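A quick write-up on the structure given underneath.
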Number of protein chains: 2
Amino acid sequence: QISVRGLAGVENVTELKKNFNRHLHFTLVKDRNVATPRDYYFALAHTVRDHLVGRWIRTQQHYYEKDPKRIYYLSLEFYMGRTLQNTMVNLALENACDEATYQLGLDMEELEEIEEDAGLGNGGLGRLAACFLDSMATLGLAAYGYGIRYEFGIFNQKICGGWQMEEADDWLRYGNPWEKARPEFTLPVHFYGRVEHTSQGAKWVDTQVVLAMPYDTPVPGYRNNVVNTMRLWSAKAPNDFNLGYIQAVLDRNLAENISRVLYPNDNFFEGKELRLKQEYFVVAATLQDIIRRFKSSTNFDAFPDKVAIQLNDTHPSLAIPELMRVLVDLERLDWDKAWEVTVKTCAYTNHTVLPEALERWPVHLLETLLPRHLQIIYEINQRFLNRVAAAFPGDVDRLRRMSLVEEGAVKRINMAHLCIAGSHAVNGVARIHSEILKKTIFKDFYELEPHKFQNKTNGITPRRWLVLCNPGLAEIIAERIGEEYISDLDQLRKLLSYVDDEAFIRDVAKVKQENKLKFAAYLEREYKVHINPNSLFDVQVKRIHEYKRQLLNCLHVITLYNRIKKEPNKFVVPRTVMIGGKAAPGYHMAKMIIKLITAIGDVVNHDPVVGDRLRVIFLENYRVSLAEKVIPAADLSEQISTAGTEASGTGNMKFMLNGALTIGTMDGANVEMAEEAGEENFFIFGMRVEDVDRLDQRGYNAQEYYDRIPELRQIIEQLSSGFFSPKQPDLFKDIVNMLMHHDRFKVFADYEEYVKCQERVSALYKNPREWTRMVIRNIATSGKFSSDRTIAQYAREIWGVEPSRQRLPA
Amino acid sequence: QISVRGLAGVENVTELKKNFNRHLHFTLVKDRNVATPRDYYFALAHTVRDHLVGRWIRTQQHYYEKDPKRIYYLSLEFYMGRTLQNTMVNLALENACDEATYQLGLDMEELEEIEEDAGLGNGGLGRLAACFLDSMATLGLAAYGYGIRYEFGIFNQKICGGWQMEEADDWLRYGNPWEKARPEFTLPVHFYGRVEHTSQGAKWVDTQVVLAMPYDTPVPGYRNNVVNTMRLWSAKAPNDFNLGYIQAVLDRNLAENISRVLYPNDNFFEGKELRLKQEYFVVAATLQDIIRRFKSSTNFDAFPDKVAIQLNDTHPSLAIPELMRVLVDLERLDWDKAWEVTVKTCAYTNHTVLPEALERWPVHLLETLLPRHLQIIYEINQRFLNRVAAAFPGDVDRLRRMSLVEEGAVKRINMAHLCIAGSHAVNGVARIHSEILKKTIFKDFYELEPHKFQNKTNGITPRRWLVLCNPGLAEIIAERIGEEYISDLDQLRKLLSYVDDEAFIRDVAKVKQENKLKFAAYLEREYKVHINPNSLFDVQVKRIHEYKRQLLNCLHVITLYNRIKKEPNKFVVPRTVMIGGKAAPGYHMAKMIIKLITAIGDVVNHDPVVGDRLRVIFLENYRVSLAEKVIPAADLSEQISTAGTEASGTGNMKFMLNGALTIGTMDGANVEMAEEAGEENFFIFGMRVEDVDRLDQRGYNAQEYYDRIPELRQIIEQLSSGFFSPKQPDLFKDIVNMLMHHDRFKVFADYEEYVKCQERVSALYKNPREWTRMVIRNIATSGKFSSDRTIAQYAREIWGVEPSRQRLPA
Ligand SMILES: C#Cc1cn([C@@H]2O[C@H](CO)[C@@H](O)[C@H](O)[C@H]2O)c(=O)[nH]c1=O
Ligand SMILES: C#Cc1cn([C@@H]2O[C@H](CO)[C@@H](O)[C@H](O)[C@H]2O)c(=O)[nH]c1=O
């Protein structure tokens, strides 16, 4: 039907239909009289999976003949979402499958909705690892993602009486057609034990053993016939485990618990033993697999020429002392040579400067769990601090700031300091975030080794985040400029010549309106919720966290409502304010923010005086597949973190690519986006990083703002006196207290500029044609934010390998 | 190659090869350069499985159109062994697969050895359920076996320093190609809670819920295109389970533990809570599935016309009060009508008279776990005892003997009494065992309801237990009489006309010698063990239990050794004495017996004076696939339980069918076997049941035998003084003590007749031609012991349905 969806050849369509019927019979053991839509989903998934396999085997065979340098991306998170449509997109099968299933009397979109998300991540750091895998495959790199196959991913969020409830995300319940278990490549991982010193060096003994069993999932490049591997480890007890006979068998659960469940905190460190086991487990299994693959290519000098390991934040930072352990204890390399190899192999990406998000593990934990790694870490530390001492003689304070060991209450290991010492490259994830690292938290390290520090601004894949979720837009774009932009997103610049083209203006706006109607209807079907699709769709979707300032958005919504109640018969641009995202289970403030949002909707949505001029909707269970629906439907993207706190953001990029305009602070990647599109085509407001620093030197006093802004004082008194909670007038006193006395994120300080910037958005929205022309200028300069650009810079500037756009043979 | 293995058609062979290559590529995602023999096994299994599926769908469709009465066989055990060769046998695919794999350069026998046994049973009661499923399918009955999918089956037994060690049987580790998960038919099962009485009757509330998820395994009939279903339940937590968030997710293991592991006690009751949960779980899930299937055929009068439920011992006896619960509480039938339906639906098979093997559950357990079922059981009891009182007025002792509630220390429920009250038919499993039930433990019930009591002598399937494991013998038989005997085992009688036929005599003995060489070599390959294949293969294989009297066998072995040491230069018929079987983990006496056996082998096998005239081998890890190898190789079958204690035995039947002669007591089915072949063609010795009773009245005094039999006293002094345990002279004092002071099974009493009967066996073995003619007379009268005969009598005499040998269309 639409051209970017590929060819529906007579031969291909006939083949698909017969393979579909074959899997329904032989794989699912069903016939058409008894098959449910779920059976039909599976028959289609197995049919599409069959097309991957030849390419998968051929790709891994090619890497074996050519022996290129291999890239290993280690992450505790891979937030993959659904796989069926993505695989059709990259194989150019979408129109053929659509034709084939329509001929069998099925609606392929209905079947797509049955697939569970693979929710193996929390938010932007896990989704970044997913876009990156897609980009590495599209650029033909010999790349493997390594992680943990969690049996339960991020929880499903239900809202009850306006509060978040969590329920287990049992995503494997019906099976997962995309993974292949590889029980034959199972590997042991050791925990506890003790260290013995021999004349022959150290030996780690009396350990408990857990087995790591791999499951491989294919990752197709965009039409290049490349299929790389995502290898995820599952924990298994050994068979003589303990071996009541009955209790000994039931206790095998203790081992297997390692891979049971994703820790749901995001941008917040919890120093729990089970989380540390998961970190060491992924690292110990992955490095044996790497060294094995390297040996089947004695001489470890060539290791860094044949291997790169990229650490996704500090979560796999144990790779560094584990590599040393293997090289020194097992392979008997001397320390200095082992260290040289390690540093040249590893690189570290940082994704935060929030102090609560930094991993600092108690020494007593590492001592019991990983006694040999703590000894290695002490030694790394001693030699590193001898280099600091030589470079800055007498600077005893620098010695204590830079140490890997933090002195104090409980001694801890600063995992970020360890990564910087044992990596040849450290990067931040947006230009302002990388500059902040050099000037504040890693300033001492930068002074020591300036050449290690780099920037790699984040990106998103344009396959998932345009072609897949917004085919209407990808299509009016390809009509004018062809299809090559899908893997060369810079070509979108050519659209700047269409900014005054009347046909284009109208098509861009027609596509948005269609996305809006489709999403308005999804809301009613799947949630009985009623919206005006003519309203401006004002959307803030991301994890709930105080730094993201969903609370500033709430204050704006209450101001708009109060203004209406004051002058009811005045005209206002109608809005649908949608806010969604999950809160970590013990992050009390974040759960209270969810409750506030729904409590506002309760008042605002049933006030007859408002009518349909204002609606506040909490979008439940926000996750990758929900992103794919709401993002194409949005007009306005809320990116309103306090300057200096959103390291990059990526949701911001998705919205820009999909024809929403952005209201935001000069934070993270928002700075580079404004610079690409021009500041006149973005709605920037609020303190810059400099302004935040100046307010901190003086002292932030929220009372000052409350005293000087009568619209703000009114909202606070409404919150305090029970206006939004009539049956429990003091429900929101923790929120008021925090805003009044300990707001780390200065919500009041940005309030006036934010409300005034929102009036400018409403003014532009009144003029459809100039709103759309500014939209065009955003889409057209979104090219820099493709993850293919990001990954080509990692390849060239960190990994030392060349991307490639050439097809492997079909 | 051999004719009972079917046709190797050019078309069929070409098809198999291409389907094999297809599964290797698309299913296993491998190519020939990297595939291991395990990959090859799986590609062949998937290829054979594909031939089942059309027949499976067609069979279940046929039962839906025809609506026959359905038979439900409820067992906690299905001891299935391997499936690949069995499926080839019943589909007539064996020679074609053999040809196909040979053409691909593979040895199909080597691939067969890779498959794990499905070890979902302990011994004869679980294996009986497996032979029965095969027979129900071959006779075309609409039959479903229902059980539990244990994640760990019976443990793997290793021997270390002569002691049994147990290790977990992780049989699912590589996946199971034969099962299909059916997550869409998942059902809730309730535990704990409390009972509320309403005006509308009773209600069971505040329960914890566990989900039962079914996995279906196909069960092919012998060349009739029938494929029935074995449906096994797996335990799953619900998703809001509890729902630390992390602890709540990890605690889902508590629910799932129900289906984790098979209880490894056999013929011994352990009253553990987890075992009771497993019993109720299988029963509650199965009956909802039955009632569902019955409704999709309001009027429960026709329920017994459309449903039979067969209870395999008392393990699923909760079916009776669960059926009442459903009918009374949920369907609102009145009690009397519900009771009529129940009794007409259920039938109970007993498999023991050992008091330690009878289930008697503590009331306090049922009270907490299943409060409504205990109330139902009290009510059943009260009404049943009102009928006893009316029939035997004033007989207060009869009232207390017959009650379902046993008074005492802890009140218990006698589950056997409940089964008899709520079933229309009770059967024992061999004629002497059924007579014993009527005369001793169920005598009171028989007097009340004589018409309930029946016999159904056990049998074994001739597909697994002749065609599959002994193709050489099935082939020389089919040459003379054709192939029809495979599903009409009575036809073996025709072989009696070949008893003096010289060609036949020689072929029967050639087949045995070949089985013996093949097994001698298996011992060296897989176990470095060295045997004389010219020796008489004297084999005792079965679970270790005092009633089976592996100890009597040991005494005979020590007597033979002592006789050799006394007259070393005398001629003796050389023997290989093989004993194997598993001991339950806390059955201390049984583990000591294993240690004794290996300790005897240690002495006997390295005494140079013995040479290779005597060898004692402990066969490790005895299980269905090991049975299939040793049984065709045996000359002499040891069936030596104390008269009145082996309810039937089935291993005895396997050996008879495979050309071993039997030495045995007049116990269980041995009585009917001797009667079929003629007593002159069996080696019967020892007390009859009558002799055992007479000795019990007088009092058994083992000292008397020790005092009067100098060969027996010598063995005892050897045991006591440390002859078989030099480094720990008192290792065996518990065994001596038991034999001397508390032998429930009278091992000494049968000792003299046993040793003398063994001299007669050795005398016959000296004359190959008359040994073989007596072999022929055994094989030829083994027909009655086919499970098709057993199942045709259940069908006609209990279930009220007619067997059928007709093919469904291909
Ligand atoms: C440490 C750390 C973390 C960083 N990020 C996100 O990582 C994303 C990809 O770099 C950034 O765009 C975003 O600014 C940042 O908050 C997370 O989503 N979770 C974290 O725990
Ligand atoms: C109760 C009970 C049991 C009975 N049988 C066996 O059940 C077999 C099949 O009926 C009999 O042949 C054999 O004599 C008997 O011991 C078992 O193997 N285990 C038991 O727990």
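Letters for chains follow the order of the structure tokens (A, B, ...), residue numbers begin at 1 for each chain, and ligand numbers begin at 1 in the order shown.
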Exercise. Mind listing as a ChimeraX atom specification which residues of chain B are within 7 Å of chain A, counting only C-alpha atoms?
Worked result: /B:26,29,50,53,166-168,174,183,239-240,243,245,249-250,257,585
Problem set entry | Shell of 7 Å around ligand 2 (only C-alpha atoms and all ligand atoms), written as a PyMOL selection string | chain B and resi 122-126+128+266-268+313+350-352+357-358+429+458+646-650+668
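As for atom CA of residue 486 of chain A and atom CA of residue 95 of chain A, they are spaced 17.0 Å apart.
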Exercise. Within 10 Å of residue 91 of chain A, counting only C-alpha atoms, which residues qualify if same-chain residues fewer than 4 places away don't, as a VMD selection string?
Worked result: chain A and resid 6 48 51 to 52 85 to 87 220 to 226
For this session: Could you give me, as a ChimeraX atom specification, the residues within 10 Å of residue 68 of chain A, counting only C-alpha atoms and dropping anything in the same chain fewer than 6 positions from it?
Result: /A:62,141-142,297,305-307,801
Grab the residues selected above and save them as a compact mmCIF listing (two decimals), in the first residue's frame with N, CA, C and O atoms.
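Final output, out_4.txt:
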```txt
# COMPACT_ATOMS: atom_id res chain seq x y z
N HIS A 62 30.64 -15.10 8.04
CA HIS A 62 31.50 -14.01 7.47
C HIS A 62 32.50 -13.48 8.51
O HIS A 62 33.71 -13.42 8.24
N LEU A 141 28.94 -3.43 11.66
CA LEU A 141 30.04 -3.70 12.56
C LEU A 141 29.89 -5.11 13.18
O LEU A 141 28.74 -5.54 13.44
N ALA A 142 31.02 -5.76 13.49
CA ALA A 142 30.98 -7.09 14.12
C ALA A 142 30.69 -6.93 15.63
O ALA A 142 31.60 -6.99 16.44
N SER A 297 40.46 -17.77 17.13
CA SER A 297 40.60 -16.83 16.01
C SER A 297 41.03 -17.57 14.76
O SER A 297 42.25 -17.73 14.56
N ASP A 305 43.69 -5.22 19.69
CA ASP A 305 43.46 -5.12 18.23
C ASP A 305 42.28 -5.93 17.76
O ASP A 305 41.74 -5.67 16.70
N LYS A 306 41.84 -6.90 18.55
CA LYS A 306 40.81 -7.80 18.12
C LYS A 306 39.54 -7.65 18.96
O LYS A 306 38.50 -8.22 18.60
N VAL A 307 39.63 -6.91 20.07
CA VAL A 307 38.51 -6.76 21.00
C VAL A 307 38.38 -5.30 21.51
O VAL A 307 39.37 -4.69 22.00
N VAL A 801 37.63 1.17 14.32
CA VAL A 801 37.09 0.36 13.21
C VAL A 801 36.23 1.25 12.35
O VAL A 801 35.67 2.26 12.83
```
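Omitting residue 16 of chain A and its sequence neighbours fewer than 2 positions away, and counting only C-alpha atoms, the residues within 9 Å are residues 11, 12, 13, 14, 18, 19, 20, 21, 44, 47, 48, 96, 97, 100 and 101 of chain A.
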Exercise. Segment 141-349 of chain B: which residues are helix (DSSP H, G or I) by DSSP, as a VMD selection string?
Worked result: chain B and resid 183 to 185 245 to 250 252 to 259 273 to 295 300 to 306 319 to 330 335 to 345
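Note that the spacing between atom CA of residue 411 of chain A and atom CA of residue 197 of chain A amounts to 24.9 Å.
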For this session: as a PyMOL selection string, list the residues of segment 11-191 of chain B assigned to strand (DSSP E) by DSSP on the backbone atoms of this structure.
Result: chain B and resi 70-74+78-81+118-120+143-148+156-160+163-167+180-181+187-191
Problem set entry | Nearest to residue 90 of chain B, chosen from B:121, B:783, B:193, B:462, with only C-alpha atoms counted in the distances | B:462
Exercise. Which residues come within 9 Å of residue 504 of chain A, counting only C-alpha atoms, excluding same-chain residues fewer than 4 positions away, as a PyMOL selection string?
Worked result: chain A and resi 476-477+480+498-500+508-509
The selected residues should be written to file as a PDB file, in the first residue's frame (atoms: N, CA, C and O atoms).
```pdb
ATOM      1  N   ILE A 476       5.465  10.752   3.069  1.00  0.00           N
ATOM      2  CA  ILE A 476       5.423  12.080   2.418  1.00  0.00           C
ATOM      3  C   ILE A 476       6.822  12.609   2.339  1.00  0.00           C
ATOM      4  O   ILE A 476       7.121  13.352   1.438  1.00  0.00           O
ATOM      5  N   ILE A 477       7.722  12.191   3.231  1.00  0.00           N
ATOM      6  CA  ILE A 477       9.106  12.581   3.090  1.00  0.00           C
ATOM      7  C   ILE A 477       9.763  11.898   1.926  1.00  0.00           C
ATOM      8  O   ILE A 477      10.478  12.575   1.112  1.00  0.00           O
ATOM      9  N   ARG A 480       9.272  13.173  -1.776  1.00  0.00           N
ATOM     10  CA  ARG A 480       9.959  14.344  -2.211  1.00  0.00           C
ATOM     11  C   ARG A 480      11.409  14.010  -2.361  1.00  0.00           C
ATOM     12  O   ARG A 480      12.047  14.417  -3.345  1.00  0.00           O
ATOM     13  N   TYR A 498      11.400  22.879   1.165  1.00  0.00           N
ATOM     14  CA  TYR A 498       9.964  22.628   1.030  1.00  0.00           C
ATOM     15  C   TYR A 498       9.163  23.415   2.034  1.00  0.00           C
ATOM     16  O   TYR A 498       7.923  23.289   2.132  1.00  0.00           O
ATOM     17  N   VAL A 499       9.872  24.284   2.739  1.00  0.00           N
ATOM     18  CA  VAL A 499       9.306  25.037   3.877  1.00  0.00           C
ATOM     19  C   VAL A 499       8.199  26.024   3.468  1.00  0.00           C
ATOM     20  O   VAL A 499       7.302  26.347   4.259  1.00  0.00           O
ATOM     21  N   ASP A 500       8.258  26.490   2.218  1.00  0.00           N
ATOM     22  CA  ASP A 500       7.197  27.355   1.673  1.00  0.00           C
ATOM     23  C   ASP A 500       6.331  26.666   0.634  1.00  0.00           C
ATOM     24  O   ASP A 500       5.604  27.336  -0.101  1.00  0.00           O
ATOM     25  N   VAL A 508       2.326  17.542   5.713  1.00  0.00           N
ATOM     26  CA  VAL A 508       2.877  17.477   7.041  1.00  0.00           C
ATOM     27  C   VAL A 508       1.729  17.620   8.062  1.00  0.00           C
ATOM     28  O   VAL A 508       1.588  16.744   8.954  1.00  0.00           O
ATOM     29  N   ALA A 509       0.861  18.640   7.932  1.00  0.00           N
ATOM     30  CA  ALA A 509      -0.224  18.798   8.920  1.00  0.00           C
ATOM     31  C   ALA A 509      -1.282  17.716   8.845  1.00  0.00           C
ATOM     32  O   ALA A 509      -1.923  17.456   9.878  1.00  0.00           O
TER      33      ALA A 509
END
```
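Closest approach to ligand 1 among A:538, A:667, A:490, A:483: A:667, based on only C-alpha atoms and all ligand atoms.
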For this session: Find the residues near segment 588-593 of chain B: any atom within 8 Å, counting only C-alpha atoms, skip ones fewer than 4 places away on the same chain, and give them as a VMD selection string.
Result: chain B and resid 163 to 164 544 to 546 550 to 551 583 to 584 597 732 734 to 735
Next, dump the selected residues to file, keeping only N, CA and C atoms, as a PDB file, in the first residue's frame.
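After the write, result.pdb holds the following:
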```
ATOM      1  N   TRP B 163      28.713 -46.408  47.936  1.00  0.00           N
ATOM      2  CA  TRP B 163      27.451 -45.793  48.387  1.00  0.00           C
ATOM      3  C   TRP B 163      26.641 -45.042  47.283  1.00  0.00           C
ATOM      4  N   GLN B 164      25.295 -45.087  47.363  1.00  0.00           N
ATOM      5  CA  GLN B 164      24.425 -44.311  46.463  1.00  0.00           C
ATOM      6  C   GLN B 164      24.628 -42.798  46.740  1.00  0.00           C
ATOM      7  N   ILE B 544      15.125 -50.871  45.336  1.00  0.00           N
ATOM      8  CA  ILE B 544      15.611 -51.505  46.530  1.00  0.00           C
ATOM      9  C   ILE B 544      14.570 -51.348  47.666  1.00  0.00           C
ATOM     10  N   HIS B 545      14.117 -52.487  48.174  1.00  0.00           N
ATOM     11  CA  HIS B 545      13.150 -52.462  49.239  1.00  0.00           C
ATOM     12  C   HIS B 545      13.316 -53.791  50.000  1.00  0.00           C
ATOM     13  N   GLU B 546      13.164 -53.777  51.303  1.00  0.00           N
ATOM     14  CA  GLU B 546      13.321 -55.054  52.055  1.00  0.00           C
ATOM     15  C   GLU B 546      12.361 -56.166  51.581  1.00  0.00           C
ATOM     16  N   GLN B 550      16.396 -58.309  47.965  1.00  0.00           N
ATOM     17  CA  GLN B 550      17.725 -58.276  47.341  1.00  0.00           C
ATOM     18  C   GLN B 550      18.713 -58.979  48.353  1.00  0.00           C
ATOM     19  N   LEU B 551      18.402 -58.902  49.654  1.00  0.00           N
ATOM     20  CA  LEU B 551      19.271 -59.548  50.628  1.00  0.00           C
ATOM     21  C   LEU B 551      19.325 -61.093  50.476  1.00  0.00           C
ATOM     22  N   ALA B 583      17.451 -46.618  45.672  1.00  0.00           N
ATOM     23  CA  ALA B 583      16.939 -46.545  47.051  1.00  0.00           C
ATOM     24  C   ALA B 583      16.409 -45.135  47.335  1.00  0.00           C
ATOM     25  N   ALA B 584      15.278 -45.013  48.006  1.00  0.00           N
ATOM     26  CA  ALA B 584      14.755 -43.691  48.405  1.00  0.00           C
ATOM     27  C   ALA B 584      15.781 -43.073  49.347  1.00  0.00           C
ATOM     28  N   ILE B 597      26.035 -54.885  48.521  1.00  0.00           N
ATOM     29  CA  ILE B 597      26.207 -55.475  47.204  1.00  0.00           C
ATOM     30  C   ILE B 597      27.537 -55.103  46.598  1.00  0.00           C
ATOM     31  N   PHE B 732      28.395 -53.561  58.767  1.00  0.00           N
ATOM     32  CA  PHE B 732      27.164 -54.227  58.387  1.00  0.00           C
ATOM     33  C   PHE B 732      26.379 -54.727  59.606  1.00  0.00           C
ATOM     34  N   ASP B 734      24.038 -53.296  61.423  1.00  0.00           N
ATOM     35  CA  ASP B 734      22.600 -53.045  61.331  1.00  0.00           C
ATOM     36  C   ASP B 734      21.907 -54.136  60.464  1.00  0.00           C
ATOM     37  N   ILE B 735      22.581 -54.616  59.424  1.00  0.00           N
ATOM     38  CA  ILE B 735      21.952 -55.605  58.526  1.00  0.00           C
ATOM     39  C   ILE B 735      21.799 -56.952  59.267  1.00  0.00           C
TER      40      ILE B 735
END
```
